[PDB]
Structures are given as structure tokens and as C-alpha cells.
Amino acid sequence: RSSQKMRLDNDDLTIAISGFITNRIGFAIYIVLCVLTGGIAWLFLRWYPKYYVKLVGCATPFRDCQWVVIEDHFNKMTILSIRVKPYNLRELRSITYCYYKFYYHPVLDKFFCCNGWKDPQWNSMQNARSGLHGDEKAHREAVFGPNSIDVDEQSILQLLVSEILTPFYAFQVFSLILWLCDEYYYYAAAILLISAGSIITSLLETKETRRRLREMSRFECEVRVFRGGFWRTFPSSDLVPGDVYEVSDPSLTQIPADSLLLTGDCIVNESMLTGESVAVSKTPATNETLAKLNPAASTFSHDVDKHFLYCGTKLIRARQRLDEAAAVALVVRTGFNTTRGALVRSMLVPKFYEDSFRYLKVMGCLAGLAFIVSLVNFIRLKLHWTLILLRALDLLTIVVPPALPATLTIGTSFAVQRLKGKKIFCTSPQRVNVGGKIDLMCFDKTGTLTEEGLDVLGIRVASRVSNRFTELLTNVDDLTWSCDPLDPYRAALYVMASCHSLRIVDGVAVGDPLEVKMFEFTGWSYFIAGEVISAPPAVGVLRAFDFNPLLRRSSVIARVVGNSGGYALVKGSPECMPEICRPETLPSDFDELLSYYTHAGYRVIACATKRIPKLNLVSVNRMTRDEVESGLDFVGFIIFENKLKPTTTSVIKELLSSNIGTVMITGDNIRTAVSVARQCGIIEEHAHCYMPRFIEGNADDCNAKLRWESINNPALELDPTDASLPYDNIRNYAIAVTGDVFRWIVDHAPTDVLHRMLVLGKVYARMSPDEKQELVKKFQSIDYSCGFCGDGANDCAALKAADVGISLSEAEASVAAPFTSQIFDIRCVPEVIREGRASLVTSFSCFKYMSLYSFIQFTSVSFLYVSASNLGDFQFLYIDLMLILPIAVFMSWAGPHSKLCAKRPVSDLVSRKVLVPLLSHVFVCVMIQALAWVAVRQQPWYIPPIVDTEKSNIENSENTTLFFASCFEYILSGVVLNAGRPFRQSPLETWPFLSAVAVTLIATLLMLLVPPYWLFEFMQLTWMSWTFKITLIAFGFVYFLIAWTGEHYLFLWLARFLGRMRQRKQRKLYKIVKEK
Ligand code: BEF
Ligand SMILES: [Mg+2]
């Protein structure tokens, strides 16, 4: 065999592998053998390697191969090499591509994806609790390896060539060489140092930020592993499949590796990997799950899910110790194979400046014509042969300025610093300019909009005087004073505060996460719990009949200090309670209130009490459970909820103000996602909802029909044959799609169902990571640009597909986003949007200015190549150093405004609104230069330029006039082409830029009006007339006025005028279509 095609199911790649030996016996044209090119051939074949491979390697079978080459379906090429190890076949020939680790098979002569995955013959029969008896940490750790070591930025060269190395290098290097050959001492060095400093600074900054963020993601833990029948502590990075450890140990807080409980139980919280906001319980494996276990499965059935622990899931509680341990666990998948890991690896597999590429190619095309005409004129004047190339090739390096990327990078860093000054850290500087075109902002529910746990909302009390519920009573302070365990209020306070199996450790209890929050809601101090000292008596606890799967309630026998008798306090599930309680106490509104509080997403809990007169140390053990819950008295409801973060609503309001659509994408259920949306503002307060349900046939059938119904009032609907419009509070509505209906729609849709759904859909629930990324792709296909404020691994993949990615937890693997935040809130988005818009407008301003610079320079030179006399060699330097770089750099020294606006900056460079003002600025600048030149042509003397010689003489009156006019144009155009009040702070407010402009203009005025004689010789000036010296000032002033008035009024009007003359986004059509 000599080739192979894989099939990668986790991410569709279908890679192609082919093996090649190293150089031939004769390799005289190898990359370094082409030393005549040196680095040129290296550059040529670094990106496109087909010639590289055809030059070097020939086909060899995989048995004797020396390096393999990998080809995915993007037609993107890569080259890897095999490794070698001499023990268990006699050699593990293998390769590694994007963290997939492919093993050779000496028997069938093909590659395999880790031989699939292992199900050991010794493991999983009945009892794999023996442990790794002997040497099974060396003979088996070689195959599997350590736990999730990512990369150390393989070499600096890839980072340099990807993040920083712009395509402008070739012409820039040629320009530096030409200037070196043309006696440019100062400016070549200035350009080289500025570019090198900026690039090295960027590379070092990004490397250090990446290191700082990656070091925190290690999360290394310690575990008490069985080895050979002994108990030994070990680091978390020393585990292989078939190795037992223990869970009940207090020092453990996160599951090390994906596992399978064998003895005991536990309660865990899988929030981040799935999205559910409810803690889950686990149970052992009964020798039937072990046989029905294939670790290769992408997602398990319900049983094996019920017995697994997922790596990274937070451990809440375990069966406590009796010196021993009661929660052992087996290890099945370690490394990248873990479910949390597989998202990280599959994230990295898939690999505006093109406008600058267009400008570069157009400028090169124009430089061709300029070169042609310059050579024609030079050969017409038959000047010295050497001087028919150098000064006839400076045209190219002055029509394609090389100082552009440096100033763009500096302007970007002036915003990256402001971002890092607000606790927001950026790991990819390019995305800042993408922040100014966000037209949709997607969120997540658990962890970003709302806190990650359940919080008690209030207490409802079933009075005994009138069988009617009472108000919400959100605070215990009002609870204590309320009156009518004979009093139901106290019988509710006791059950909230006492009656729980909590084990306090450090003044804050640890245990089941439901009654804990209840305990802190009570606020008392904790086998007796005395009330807060700031009148409630002291409660005593005797014995607890705790939770049972069959009977959903728990009970406690308590004794008040003051009273002689005792009480039985029970807390349970309202579904089963009424058959226990005394029927003449239920307030007849039980069903309605329960249904109301359940159909909104909340969760409820019922309390009941029973007085018992005779209680002693004997009857406590004598009486069984049934007598405790024989007949009791209902008290009321304890209502949970999913609390919002305190500041989310204001941020959502401000985003809705500035005409930015918002949607919510979650993984929880829909019944609470709708209510969470309705509280904050994503859905309007009175807007209806509409859900699509299969009228007949599940997602299996391709012919199934879908009915779009309401939620609050069934039997009502909007159109299905498809209009997504109200059939037959009606102008506003929103569609909330489940997680399987969306899959069926994307599988089958008339392309109008999908589009109207995507325009109207607001609250998606039960969505999976692949569903999330397909949704983001469809969102971008209808011509959006959607940011994503995700926080967990469950939505890591989407964070890569979005245009702008934010994150809320740098600790976990959500570092995929180009951004990262250290203040966990939604208060992070408006700042990013503001900075993005300001950076966009500043980048366009600087780009237009630096592209007008070239035309100024070219016109000034071309008025002079008629007589073959350049500007000089020091006026060039003054213009290119003291005039451009200060103005161009300091024009980006500002910050964004404080408040958002409904407006939006332009985003397309080649549009008919960024280019027309530029060309008209050119057509006023050339007008004023040629005007001054004509003004000096006739009225003043000395106007003859010296006839052509071997050395192009440069002391004329056609040099000095077109040097001052050019200088004034540089300064004033730099002032005018600015970004002011609409998206930045007022220029008058910030001093650096305006003071730089003032000092430079004073310098020029001093050099013109009364020039020092030593400087009058240092440059090649010539004497002028007082009147003409005033005239130059007048020309500068009128350029200022004309440029300002045109830039604010004229050229935008002419833009629309020419657009209308030329008259002779897939969405924003559907909105009008469905306006009703
Ligand atoms: F925690 Be979220 F659902 F990504
Ligand atoms: Mg999550």
C-alpha cells in the first residue's frame, strides 16, 4: 500500500495519507541546494508545497516510509513524520495530525485511529477492582500518554508568518533595496527599525498573553490510586484505562477522568458540558452496564450515562467515609479521548485585508504605466544609462507606500491597550476591527445571563383561617413577623432552617444543593440550630428519615425548647403530598397554583407538619416511618427559580436601543428559557410565543408535517403552505424552536421556512454544540455578522464560528474565542462594540490618508521629471519623517465615545462611499499644486530649471514652490481627514494630536517666513519674493477651507448623486416581506 483515505466522523474531513521517502540519491535541486535563490525558493514553496514534494520525495510503502503527507478536503496540504518506539508487533509506528494519533497495523498494512478504542479482555467481566497489578503503567502509558497537553506554539515561524507577516513584504523589501542603492541614509533605517520594532512587539505580546492564558487551564489534581493493592497518592496526569481511584475523598473536587462507579454513589453537577441547571445523582454499575460498554460511542444511552462521571464535572457530594473509602471508580477514557477533551481537539481542526490586496494590485498596475512613460521620456532625453533605472524605479516605491502596515499596526495597538485596561484581554488583534460591524449578538442562558445555581424566590403559606394562599413573601424578615407549629409560618421557618442532613464544615454547609440555598435564605446558625441573635425559639433535632427514591419526601422529628411535646416536619414533592395530608386543609387552589408555577419553568416544594404530644428517648426508636407520615397538615409552597445576574437587564436594554438584534441560545429546557427571556427583555413583555410541533410523524419521517402553535393558548396557530404569519399582541411575536425540530428543518425545508424562522426565531432551547455551530453558519449565510457571548465548553465550537468571540471563563477551554474577559458579566459587550466601531473608523481614516499621501508625492515628482530634477534628498526626508509619521500616528490617539448610537460606520473598503471622497481630494490637491506651479511659472524670475546633466540638478524655482505647497497640503489634509464627534472624542478635547499639528505648522511657518541661513543652505531652497511668500500662505488657507467644506458637505452629496446616476443583503428583504 502507498495511500489511504480515512473517515473522521467527529468532524467531516476525510483525510488522505500518502507516504514518501526523503531525498533521492541525487538531490541537487533541494531547497538549500538552490542557494542561488537562498530564501526565495524557501518562500516560494513554504505556502504552496506541491513542487516541494514533487522535487524531494518519491512514493514508498508505509512499512518503510520516512515522512507522510496529509491532504484534507479543503485541498490544504501538510507534511508530518513518523515516530519510533521499540516495544508493545515490535515497533509502534505512528503519526499525529491535529492531535489525532494514528497507529500503523503491521498485519493489515494500514493506519488506524488509535486502533479505534480499547475494551480490554481482562477488564469489565465482573470485577475490575483489582487494579493495575504489575508494570501496567509503562507497557500501557506509552500507547495512551499524558492528559491534555496542547502545544507550545510549535515554532515562532508559524506564528510570525500567520498572525503578522502581511503580503506587503515583497515590494517593501525591493523598496528598501532600491533606497539603499539610491543613497537614502536616514529613511531606510527609520522604516526598517519602526517595522521591526512593531512586529517584534506584537509577536512578544501575543506569545506572552497566550502563555499567561494557557498556564491557568492545567487544573492538575491529586488522586488516591490503587497500585498493586496499595493506596498511593499520585498526580492526575498518571492515569491509563483500567486504573482504579477513589471519589469519596474530601480533597477531590473535580472528576479526573471519565469513569464508571463501582461502589457507593454521588451527586455531581454536569452544568458546563451539557447546560442543565440541575444537579444529577449517580448509581453503581450492576455487571450489565460493564458488558454494554463501548467507549468509542460519541454519546451514550441513558443507563451508561446514568453511571458515568464526565471529566471536569464538579463533584458536589459522595458517600462519606465510614481510613477507608466507599466510592471507587474505573477509568475507561483518558487524554484527548475524554468527552470534555474531544470538543477542544475538534475545535482546532478547521482553519477585509483582501481589499488592501486589491489596492496593492491596482497600484502595481498603475506603476507599470508610470515606469513605461518614465523610461520613454528618459530615453527621449538619453540621460546617463545608470540613471535610467534607479530614479525610473522609485516610481513603484512611491506609488505603493511601505510605511502603511506599520501605522495600521500602531493604530491597532493604541486600541488593544485600551481594551487590556478594562480587564478585557485580546489574543488576536485582527478581530478588533470586526467589532464595528456586529449586527446580531447571540448569548447563552446558564452562566452568562443568569447565575449558575438555583435560588429561592419566596414562600407561600396555606392559611388555616381561610383556605386561600397568601402573597409571595420574598424575605425572611417579613416572614418572622407574619402571624394569623400551630401557626403555619413558624412551621415553615423550621422546615426551611432545620430538617436537613447537612454537614457543616467551616460555617458554610456542604451537601445537596437544594436545601443549602434554603438554609442561607433562613440565615440561622447551625444537633440544635439556634435562631439568629438579632421571638423565635431554639429548635432541636432528634432523628431524620431522609430522602427515598420511592417516597419523594423527607421527614425529621424535632423538639422545640419551650414546648414539652414534639413535631414531625416533612418536606416533599407536591405530586404525592395530597394523598398523605389531611384533605380538609388543602386550599382547593393546589392544582391551579402548582400548574401555574410549573408551566413557567420554576420548581416548587411542599412542607407539612404534625404535632405529637408524647416524645421521649424511647419512642424515637420505637415508632416506624409510616406513623410519621400517617396524617399531617399542609403548610405551603417553597418556590425555586433561576436568578438573573443583577446587571443583565440594563445591558440588554442598551443593546436593544442601538438597533442590534439579540437572540438567546441555550441547552436547558424551553419552559424556563422562555420565562428567563421574558424577564430580561429579549422577548417583549407582552409578545406571544409560537412553537413548532410535529402534527404527525417524528423527525424520522421525511414527509412529516409541522404545526406552529402558541404556548399560553393552544389551538391557535400561525401559517404552516408556508408563510410564518398569523393565521386567520398580534403585530409582535417570536418563535422558540426546540432542538430536534431545528434538525429536521435543516434536513428538509423549502428555504422559506428556514429563512423566516431564522429572521423570527428568538429563544432556542435544547440545542447541542453541533446544532449551535450549524445555527451560527446559517445565521452567517443569511448575511449576518453575529457575535457570541458564550462561557462554557458546551458552546466552544460556536465561539470559533462567530465573527467576534467573547468568553466568560478563561479557566476552562473557552479560550478559543479571540477575546477573553476577566469580569464575568454582560457589561463586557458594549465596551467591545464601542472599541470596534472606533477602531474601524480610525483604520479607514488612516488608510485613506496614507493612500492620498502617495498621490501627493507622485504628482509633485511628475511635475519635475519633465526636466529630470527630483525634489532633492533632504526635502524628501523632511516630508517623509517630520510631517507624515507624527501626524499619521497621532491621528489614532483617541478613544470611543461613552454612549452608543443607532448609526453604524461603513464596513466595505471598495464601496462607492470610501473611494469617491478620496478621488475628489486628489482632484482638489492636484488643482492647488498645479495652480501654485503656474503662479511661479510666469510672475517670478529664475524659473528656468537647469538643463539636464549627468547629475540631475535640483536647485530651481520649480522645486522650492512645489515643496512648500506639498508640505502645507500634507499638514492640512492630515488635519481634515479625521474622525471626530460621531464616533470619537472631540479633537479639541485631547491635546496630543492638535498640539503636534500646531508645532509642526509653526515649524514650517518659521522655515518659510524667516528661515535660518544655515538651514537655508542645509536644504536646497532658493530666494523668493515677499508677496509670493504671502501667496503660499493664502494657498494653504484656501486648501484648508475647501477641503473641510467639501469633506463635510460636498463629496457625500456627490456620492449619492453618482449612485443615482449609476442606477440608470439576503435579509432585510424578509423583514419587509413579513412586515405584517
Ligand atoms: F453554559 Be452555557 F449553556 F454554554
Ligand atoms: Mg455551557
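Residues numbered from 1 in each chain as written, not as in the entry; some residues may be left out. Chains lettered and ligands numbered in written order. Heavy atoms only, no water.

- Structure determination for this PDB entry was carried out by cryo-EM, with a resolution of 3.7 Å recorded in the header.

### Quick notes on the pairing of strand β8 (residues 222-227)
Point 1. Examined bridge by bridge, β8 and strand β9 (residues 230-235) share six bridges and lie antiparallel to one another. Residue pairing in the sheet places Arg227 in a bridge with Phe230 of β9.
Point 2. Here β8 hands over to β9 after two residues, with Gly228 in that stretch at a positive phi of 60°. (Pairing = 2+ DSSP bridges. Helix = DSSP H or I, 4+ residues; strand = E, 2+ residues; numbered from the N terminus.)

### Remarks on the pattern of salt bridges
Point 1. Taken as a whole and judged by the stated rule, the model has 32 salt bridges.
Point 2. In this structure, the salt-bridge partner of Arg224 is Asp249, at a minimum N-O distance of 3.9 Å. With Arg224 in strand β8 and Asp249 in the loop between β10 (245-246) and β11 (258-261), this pair connects stretches of sequence that are 25 residues apart.
Point 3. Overall, the relative accessible area of 10% leaves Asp249 in the buried class.
Point 4. Among the charged side chains, a network of salt bridges with common partners joins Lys137, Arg227, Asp238 and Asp243. (Salt bridge = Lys/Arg side-chain N within 4 Å of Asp/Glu carboxyl O. Buried < 20%, exposed > 50% of the residue type's maximum accessible area, 1.4 Å probe, protein only.)

### A few points about helix α19 (residues 648-657)
Point 1. For α19, the complete set of buried residues consists of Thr648, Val651, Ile652 and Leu655. Here the buried residues of α19 occupy an arc of 100° about the axis, which is enough to place them on one side.
Point 2. Along its buried surface, α19 packs onto β18 (440-443), β28 (661-665) and α25 (829-862).
Point 3. Note on α19: the residue one or two positions beyond its end, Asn659, has a positive phi of about 55°. (Arc of directions from axis to C-beta. Contact = heavy atoms within 4.5 Å.)

### A few points about the nonpolar core
Point 1. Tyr849, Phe964 and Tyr970 are the most contacted members of the largest nonpolar core, which totals 72 residues.
Point 2. Tallying contributions element by element places α25 first for this core, with 10 residues.
Point 3. Ignoring any residue separated from it by four or fewer positions in sequence, one finds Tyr970 in contact with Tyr849, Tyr853, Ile856, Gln857, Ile879, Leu883 and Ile884.
Point 4. The next biggest cluster of nonpolar side chains, apart from the first, holds 39 residues, and it includes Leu440, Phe694, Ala723 and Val741. (Core = buried A, V, L, I, M, F, W, Y, C linked by side-chain atoms within 4.5 Å.)

### Observations concerning the packing of aromatic side chains
Point 1. Under the definition given, this model contains 36 aromatic pairs.
Point 2. Here the aromatic rings of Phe742 and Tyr764 are separated by 6.3 Å at their centres, their planes lie at 80°, and the arrangement is edge-to-face. Remark: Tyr764 occurs in strand β32 (residues 763-764) and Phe742 occurs in helix α21 (residues 741-747); sequence separation between them is 22 residues. The residues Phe742 and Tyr764 share a single accessibility class, namely buried.
Point 3. Ring geometry for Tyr1013 versus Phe1016: centroids 6.0 Å apart, planes at 50°, classification tilted. Taken together, the residues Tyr1013 and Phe1016, both in helix α30 (residues 1013-1018) and three residues apart, mark about one turn of the helix.
Point 4. Owing to a relative accessible area of 60%, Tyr1013 belongs among the exposed residues under this scheme.
Point 5. Looking at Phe1016, the relative accessible area reads 23%, which means it is partly exposed.
Point 6. A connected cluster of aromatic rings, assembled from ring pairs, spans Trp179, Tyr184, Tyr187 and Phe876.
Point 7. Looking at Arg227, its charged tip hangs above the ring of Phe234, at a distance of 5.0 Å from the centre. (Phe/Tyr/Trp six-rings, centres within 6.5 Å; stacked < 30°, edge-to-face > 60°. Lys NZ or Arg CZ within 6 Å of the ring centre and 35° of its normal.)

### Here we look at the UniProt feature "binding site: Mg(2+) 1" (unreviewed entry) in the protein chain
Point 1. Mapped onto this structure's residue numbering, the UniProt feature "binding site: Mg(2+) 1" (unreviewed entry) falls at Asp444 and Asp791.
Point 2. Assignment of secondary structure puts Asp444 in the loop between β18 and β19 (455-461).
Point 3. Take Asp444: its relative accessible area is 4%, and that puts it in the buried class.
Point 4. Of note is the side chain of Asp444, whose polar atom sits 3.2 Å from the backbone nitrogen of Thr446.
Point 5. Relative to the assigned elements, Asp791 resides in the loop between β33 (786-788) and α24 (796-801).
Point 6. Contact partners of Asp791, with chain neighbours within four places excluded, come to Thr446, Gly447, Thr448, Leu808, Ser809 and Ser814. (UniProt positions renumbered as here; feature names shortened; annotations may be inferred. Polar contact = N/O pair within 3.5 Å; in protein donor to acceptor, adjacent residues only side chain to side chain.)

### Quick word on the state of the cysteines
Point 1. Following the criterion strictly, the structure yields zero disulfides and no others.
Point 2. This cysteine, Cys114, is not joined by any disulfide, and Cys113 carries the nearest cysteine sulfur, 6.9 Å off.
Point 3. Note on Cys114: relative accessible area 22%, which makes it partly exposed.
Point 4. Of all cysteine sulfurs, the one in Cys828 lies closest to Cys789, which takes part in no disulfide; the gap is 6.4 Å. (Disulfide = S-S within 2.5 Å.)

### Examining the UniProt feature "binding site: Mg(2+) 2" (unreviewed entry) in the protein chain
Point 1. Under the present numbering, the feature "binding site: Mg(2+) 2" (unreviewed entry) in UniProt falls on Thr446 and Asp791.
Point 2. Here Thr446 is to be found in the loop between β18 and β19.
Point 3. Judged by relative accessible area, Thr446 falls into the buried class, the value being 8%.

### Side note on the sheet that holds strand β14 (residues 308-309)
Point 1. As summarised here, the arrangement of the four strands in space is β10-β16-β11-β14, forming an open sheet in which the pairing is antiparallel. The open sheet has two edge strands, β10 and β14, and neither has a second partner.
Point 2. The pairing of β11 with strand β16 (residues 328-333) spans four bridges and is antiparallel. Bridging across to β16, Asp258 finds its partner in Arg333.

### Section: the packing of helix α6 (residues 185-215) against helix α26 (residues 875-890)
Point 1. Two elements in contact, α6 and α26, have axes separated by 9 Å at closest approach and are oriented at 25°. As far as their axial angle goes, α26 and α6 are roughly parallel. Considering only the axes of α6 and α26, their crossing is left-handed. Each of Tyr186, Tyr187 and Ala190 in α6 lies in contact with α26, whose residues at this interface are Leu877, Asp880 and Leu881. (Axes fitted to C-alpha atoms, helices over the stretch in contact; angles between N-to-C directions. Parallel < 35°, antiparallel > 145°, perpendicular 65-115°, else oblique. Left-handed = near helix turned anticlockwise from the far one by under 90°.)

### A short note on a positive patch on the surface
Point 1. A cluster of basic side chains, namely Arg358, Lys361, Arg912 and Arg1062, defines a positive patch on the protein surface.
Point 2. Relative to the assigned elements, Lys361 resides in helix α10 (residues 353-381). (Patch = residues over 30% accessible without salt bridge, like charges linked within 9 Å, V, L, I, M, F, W, Y side chains within 5 Å. Areas by Shrake-Rupley, 256 points an atom, 1.4 Å probe, with all protein chains shown as cover. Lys, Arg positive; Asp, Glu negative; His and termini not counted. Charge placed at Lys NZ, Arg CZ, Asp CG, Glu CD.)

### Regarding the sheet that holds strand β6 (residues 100-105)
Point 1. Strand order in this open sheet of three strands is β5-β6-β7, and the pairing throughout is antiparallel. Whereas interior strands pair on both sides, the edge strands pair on one side only; in this sheet they are β5 (94-97) and β7 (110-113). For this sheet, the mean angle separating the axes of adjacent strands, direction not counted, is 30°.
Point 2. Pairing of β6 with β7, which is carried by four bridges, proceeds in the antiparallel orientation. Across the sheet, residue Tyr104 finds its bridge partner in β7, namely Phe111.

### Considerations on the pairing of strand β2 (residues 16-20)
Point 1. Burial of β2 is extensive: four of the five residues sit out of reach of the surface.
Point 2. Where strand β1 (residues 3-5) and β2 come together, three bridges link them in antiparallel fashion. Looking at β2, one finds that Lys5 is bridged to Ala16.
Point 3. Judged from the five bridges that link them, β2 and strand β3 (residues 67-71) form a sheet pairing that is antiparallel. Within β3, the residue paired with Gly19 across the bridge is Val68.

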